[PDB]
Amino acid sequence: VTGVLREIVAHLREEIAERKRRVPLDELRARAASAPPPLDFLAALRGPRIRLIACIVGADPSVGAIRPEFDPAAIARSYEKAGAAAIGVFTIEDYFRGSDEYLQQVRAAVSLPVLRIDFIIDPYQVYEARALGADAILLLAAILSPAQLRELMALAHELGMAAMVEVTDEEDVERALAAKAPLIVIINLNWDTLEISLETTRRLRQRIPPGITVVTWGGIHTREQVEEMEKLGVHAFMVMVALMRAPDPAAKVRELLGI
């Protein structure tokens, strides 16, 4: 953690302390115990052919200027019809009020496993994701200490959720291999230059032994790329930017799955 991400962390700490005040762990521990019971995310992620995780940003970039209001429930449903193996919801709760409600509306609308994409630095946030209906969380191996990585993985496992461990480089990969993570996502982003490139998963995928399920995220927008990743042993891919920019996102899901 250093730079703009350091400034984000600083804000996250404030927000988390404020939330703990209003809803202490004990109250949230109970809430999570009574949420929709967790589906098996990792299982959805491995069949004969590479699987699609379709990601929704939990926020209306139009901020209400589009009428008929932003409706992620209907969006997720159309992704599910189009063959998506799982839905991802990028929540931005620390910067927008109702973001987490969008995660709940998606959870109610689909039968697929739901991955919550946010920035987890505290055990209290794993409980929050469970209480909102998530079946999986993300963990940033470049950010967390090797102790917190294992503690957060184990607590997710304790609550019934899968934890996908993000890696960006060779040093992140060894840390995830050290924490014995059975589920890794390669983020195709140079964290220094903010350069997106498929070359990251191409170089790094081979440093992950067979047995661990590999997911790839970033720079995928053609069916050619999807077949290339499937040739690489990659069991699933996440798409977010390609969907947000398609004139018909569900049609892009079908194109990416070759349907």
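We number the residues from 1 along the sequence you see.
*Asks:* Please compare 33-41 with 53-61 and say which has the higher mean C-alpha temperature factor in the record.
*Replies:* The entry gives the higher C-alpha B-factor average to 33-41.
*Asks:* Higher mean Cα B-factor in the deposited model: 101-109 or 172-180?
*Replies:* Higher mean C-alpha B-factor in the PDB entry: 172-180.
*Asks:* So if I compare the CA B-factors in the entry for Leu204, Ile220, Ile66, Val215, which one is the largest?
*Replies:* Answer, based on the entry's C-alpha B-factors: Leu204.
*Asks:* Which one of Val23, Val239, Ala10, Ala246 shows the biggest C-alpha B-factor in the PDB entry?
*Replies:* Checking the PDB record, the top C-alpha B-factor among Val23, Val239, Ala10, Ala246 is at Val23.
*Asks:* Sort the modelled residues of this chain by their C-alpha B factor and say whether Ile259 lands in the lowest, middle or highest third.
*Replies:* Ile259: CA B-factor falls in the highest third of its chain.
*Asks:* Could you look up the Cα B-factor of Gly83 in the entry and say which third of the chain it sits in: lowest, middle or highest?
*Replies:* Ranked within chain, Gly83 CA B lands in the lowest tercile.
*Asks:* For the chain shown, is the CA B-factor of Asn188 in the lowest, middle or highest third of its modelled residues?
*Replies:* As the PDB entry reports it, the C-alpha B-factor of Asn188 lands in the middle third of its chain.
*Asks:* Select lowest, middle or highest to describe the third in which the CA B-factor of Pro146 falls within its chain in this entry.
*Replies:* Answer is highest: the recorded C-alpha B-factor places it there.
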